[PDB]
Structures are given as C-alpha cells and as structure tokens.
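Enquirer: Take a look at this one; I'll ask things after.
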Amino acid sequence: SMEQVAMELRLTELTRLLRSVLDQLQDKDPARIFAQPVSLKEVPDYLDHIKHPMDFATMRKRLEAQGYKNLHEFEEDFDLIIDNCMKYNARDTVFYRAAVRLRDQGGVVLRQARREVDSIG
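To convert a position in the sequence shown, counted from 1, into PDB author numbering, add 21.
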C-alpha cells in the first residue's frame with residue numbers, strides 16, 4: 022500500500038534525524054570511552070554487574086537497521102550508556118567522570134532534538 026510507504030518515508034526521515042543526533046553526542050566523548058562495547062575478554066565479570074550493556078557502535082548498528090521507532094527508544098539506549106558506567110565505575114575515576122560530562126552535554130542536544138521531532142512530526 023501507499024499508506025505503508027508513507028510510514029516508511031517517516032521512519033526513514035526519523036533515522037535521518039537520529040544519525041545527526043548520534044554524531045553530535047559521540048562528539049562529546051572525544052576520549053572514545055563509550056565508542057565500543059565493554060570487552061568480556063578484558064572484563065570477564067561485567068555481565069554479573071551490568072544486565073543491559075550499551076555503547077555507540079551498538080546504537081549505530083541499530084540505527085542503520087531503522088530499529089528506533091521513536092526518540093524515546095533512542096534516549097533509553099543513550100542513558101544505558103551513562104547509567105551502566107556510573108554504577109560499574111567509582112565516583113573518583115576517569116570513566117565515571119566522563120559519563121557525568123557526556124550526560125550534562127548530551128542533554129542540550131536532546132532538549133532540541135525533542136523539539137524537532139514534535140515540530141517535524
């Protein structure tokens with residue numbers, strides 16, 4: 022149907038918008054602490070601590086497979102990244118601090134992104 026094409030055209034454009042958003046957020050992790058998943062060879066015990074790991078490469082795979090049906094699904098994954106970090110790593114570490122900074126800076130981009138999705142539909 023033409024009605025299915027118009028939903029697909031909208032998902033496609035959402036995907037267009039989110040790819041910009043992801044790039045912008047990943048620019049706020051210049052150290053690339055969150056660029057890839059946590060290695061289970063290097064942190065074997067990790068899944069005993071973190072039940073739902075998340076990273077930017079995993080978000081990017083899902084993104085190009087038009088897997089985010091809305092902005093809230095995308096926000097949940099971003100917040101995993103931050104929230105998983107701040108549980109695993111202690112307050113006085115470079116990892117924890119990197120997340121705090123990504124959260125604060127990330128929120129500004131997301132504030133406007135919410136406004137563009139509502140506006141554009």
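Don't be surprised by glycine CBs; every beta carbon is placed ideally from N, CA and C.
#1: Looking only at its own chain, which residues have a Cβ that is under 7 Å from the Cβ of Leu46, when we skip the five neighbours before and after it?
#2: Quick one: what's got a C-beta closer than 7 Å to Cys106's C-beta in the same chain, skipping five residues either side?
#3: Using the C-alpha atoms, what's the distance from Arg37 back to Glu137?
#4: Leaving out five residues before and five after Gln25 in sequence, what residues of the same chain have Cβ atoms less than 6 Å from its Cβ?
#5: Determine the DSSP secondary structure at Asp76, reduced to helix, strand or coil.
#6: Using CA coordinates, which residue listed in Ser140, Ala27 and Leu43 is at the minimum distance from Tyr89?
Expert: In brief:
#1: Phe99, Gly127 and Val130
#2: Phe116, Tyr117 and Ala120
#3: Between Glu137 and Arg37, the C-alpha separation is close to 12 Å.
#4: none
#5: coil
#6: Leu43
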